[PDB]
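Contents: one structure, followed by commentary.
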Amino acid sequence: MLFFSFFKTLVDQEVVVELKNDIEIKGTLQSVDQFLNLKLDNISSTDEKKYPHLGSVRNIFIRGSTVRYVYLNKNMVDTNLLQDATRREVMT
Amino acid sequence: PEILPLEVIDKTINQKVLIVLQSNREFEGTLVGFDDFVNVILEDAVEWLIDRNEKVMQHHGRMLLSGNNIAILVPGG
Amino acid sequence: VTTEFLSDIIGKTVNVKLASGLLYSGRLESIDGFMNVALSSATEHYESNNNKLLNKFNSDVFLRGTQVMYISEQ
Amino acid sequence: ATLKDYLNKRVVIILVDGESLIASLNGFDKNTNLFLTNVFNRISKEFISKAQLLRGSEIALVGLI
Amino acid sequence: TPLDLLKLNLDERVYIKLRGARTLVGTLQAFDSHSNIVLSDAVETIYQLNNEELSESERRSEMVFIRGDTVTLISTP
Amino acid sequence: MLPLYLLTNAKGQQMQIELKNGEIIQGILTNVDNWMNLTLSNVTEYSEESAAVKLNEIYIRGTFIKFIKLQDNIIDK
Amino acid sequence: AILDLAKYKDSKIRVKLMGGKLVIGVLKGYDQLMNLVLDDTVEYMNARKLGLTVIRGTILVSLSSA
RNA sequence: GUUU
């Protein structure tokens, strides 16, 4: 439940998403779910080569199981909040 | 009069078992124990890779083999 | 019975193979029901201990459970 | 996060193997299993099926065209 | 418990092996039981074998979330 | 409507399954469960789409299906 | 369950596994989890003869008759 | 039993 909480505070913030199959996509995080699925509004191209076969599409749904990376800015995130929250989380 | 798979594995305890992964690799050893998930304890396992097949290692003591990757069990090797 | 094993070998020197082939030799600090493993004084080798040493971690090593193919004592 | 806003609309689907589809999205469940109609191969522009059911394990991306 | 001995080095530099010859070095901000991670100030090394030869690529990022299912290993550099 | 409901009522129809290995299975659906495990009668399986074994009944695990082509008849049936 | 394995006891079945293995055997036993007990098991990889094998149901992909 |  912790990373769901993390991703909720990122709504309305531009993020880059790297999918396992080497697809990279810039977008505004509009929505997040329990599986960490993502909905990105105002889609844009970070890399020339990696970027897939889109165009008119400006809104996408990304399956959480297929993401490798979500690239953030250090100002989007309070580190100490993250740390104390991880410390709190129980893993058993 | 039904024959249950886990009863068959229960009977092969203290015998030699072949354990075949879903990959090429195989483990032959003495079946010490197993759980409900088919995690498995082997004693002095010979670890193989299969086709000329190279024998990876000779274990000594006890191995816990994750049942997550196990496709087949053969009783008495 | 597999749990009795998990607590029987804690503190002993083990080999932990992963899916990839990579093998880790260390002292078992801790284990969890998800097969997650903690080792200390660990080395990595590919397939066999007799092969070339690929790394020596002076620090503690956390190996993910989903990835472990066995844990074995020597 | 939900595929609700896409119902009955045309969509681009990128599969995990990098394959591409164009289709009308008609049904979906919580595991992302899709029900599709008038499916085509994006690259190929080749008509695949009038109706098709696609497992979620296969999906990587769905876009609203 | 191995997941608690990971809290031990929160805000400490970590080394992470991933599936596909990827490596990450970053300062540990957050994790869960899924092994999902957040790292700050991170550099990611990719070892590729193209044209039968080995090159290693790099990628720097100030903050990154890592889906935990590709994670294989966590230690310190 | 939901994919599963759709399947549950396509019972008795003809349909074509593509599996994760490439094998194609043409048959008439005889049963579905909540995990999309199927059983079909009057079966013909192919090694790939290029095409041929005829089988009386087949059981297919749902985790192994890439997609299922339905008969155009579906919506009204 | 949706498949009644009882009608297949003492018949020869074909079982395709995850990771591309084929196994034809005689069905001796089964469980609700689709774990099988095969006899005269032949694993097709071209030919390999195991005997009385236990197949894990979690990795089972397909099951037909023979 | 599909997103660890």
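Order of the sequence lines fixes the chain letters, A, B, ..., with proteins taken first and strands second; residue numbering starts at 1 for each chain.
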Pairs of donor and acceptor atoms involving the side chains of residues 52-59 of chain D, under 3.5 Å and at least two apart or interchain, shall be tabulated with distances.
residue: D:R55; atom: NE; partner: F:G62; partner atom: O; Å: 3.0
residue: D:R55; atom: NH2; partner: F:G62; partner atom: O; Å: 2.9
residue: D:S57; atom: OG; partner: F:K20; partner atom: NZ; Å: 2.7
residue: D:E58; atom: OE2; partner: F:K20; partner atom: NZ; Å: 2.6

*Answer yes or no: is there a side-chain heavy-atom contact under 4.5 Å between A:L38 and A:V70?*
yes

_Please give me every residue in residues 50-65 of chain D whose heavy atoms get under 4.0 Å of an atom in RNA chain H, ordered by residue number._
D:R55, D:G56, D:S57

*When all nucleic acid strands are considered with a 4.0 Å heavy-atom cut-off, which category describes A:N37: base, sugar-phosphate, or nothing?*
base

*asked:* Within the 4.0 Å heavy-atom criterion, would you say F:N37 contacts the bases, only the backbone, or no part of the nucleic acid?
replied: base

_G:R14, CZ atom: more than 12 neighbouring heavy atoms under 6.0 Å_ = yes

*Specify whether E:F65 and A:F3 have parallel, tilted or perpendicular ring planes, treating 30° as the upper limit for parallel and 60° as the lower limit for perpendicular.*
tilted

*Between H:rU2 (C1') and F:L38 (CG): distance, integer Å*: 14 Å

*Does D:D17 pair with F:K66 as a salt bridge, N-O distance under 4.0 Å?*
no

_Quick check for you: among H:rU4, H:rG1, H:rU3, whose closest atom lies nearest to any side-chain atom of F:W35?_
H:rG1

*To the side chain of A:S65, which of H:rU2, H:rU4, H:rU3 is closest?*
H:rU3

_At 4.0 Å (heavy atoms only), tell me whether F:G62 reaches a base, stays on the sugar-phosphate, or touches nothing._
nothing

*May I have the distance from A:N21 (atom CG) to H:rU3 (atom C1'), rounded to whole angstrom?*
15 Å

*Could you please name the option among H:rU3, H:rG1, H:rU4 that lies closest to any side-chain atom of E:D69?*
H:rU4

*Selection from H:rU4, H:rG1, H:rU3 that lies nearest to any side-chain heavy atom of C:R64*: H:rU4

*Does any donor-acceptor pair link the side chain of D:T32 with the base of H:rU3 at a separation under 3.5 Å?*
yes

*For the residue pair D:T37 and D:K50, establish whether any side-chain heavy-atom pair is separated by less than 4.5 Å.*
no

*Send over the distance from E:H34 NE2 to H:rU3 P, rounded to a whole Å.*
13 Å

*asked:* Using a 6.0 Å cut-off, check whether atom CZ of E:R19 has over 12 heavy atoms from anything other than its own residue.
replied: no

*Rounded to whole angstrom units, what separation is found between the CG atom of G:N35 and the P atom of H:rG1?*
12 Å

*asked:* Applying a 4.0 Å non-hydrogen cut-off, can you work out what D:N33 is touching in the nucleic acid: base, sugar-phosphate, or nothing?
replied: base

*Check the distance between H:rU2's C1' and F:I60's CD1 and give it to me in whole angstrom.*
16 Å

*Within the pair E:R67 and H:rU4, is there a side-chain N or O less than 4.0 Å away from OP1 or OP2?*
no

_Between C1' on H:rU4 and CZ on A:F4, what's the gap in Å once rounded to a whole number?_
17 Å

*Could you check how far CZ of A:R68 sits from P of H:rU4, rounded to whole Å?*
18 Å

*asked:* Nearest whole Å is fine: how far is H:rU3 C1' from D:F28 CZ?
replied: 16 Å

List, one per line, each side-chain donor-acceptor pair under 3.5 Å for residues 17-25 of chain G, sequence neighbours excluded.
residue: G:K21; atom: NZ; partner: B:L21; partner atom: O; Å: 2.8
residue: G:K21; atom: NZ; partner: B:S23; partner atom: O; Å: 3.4

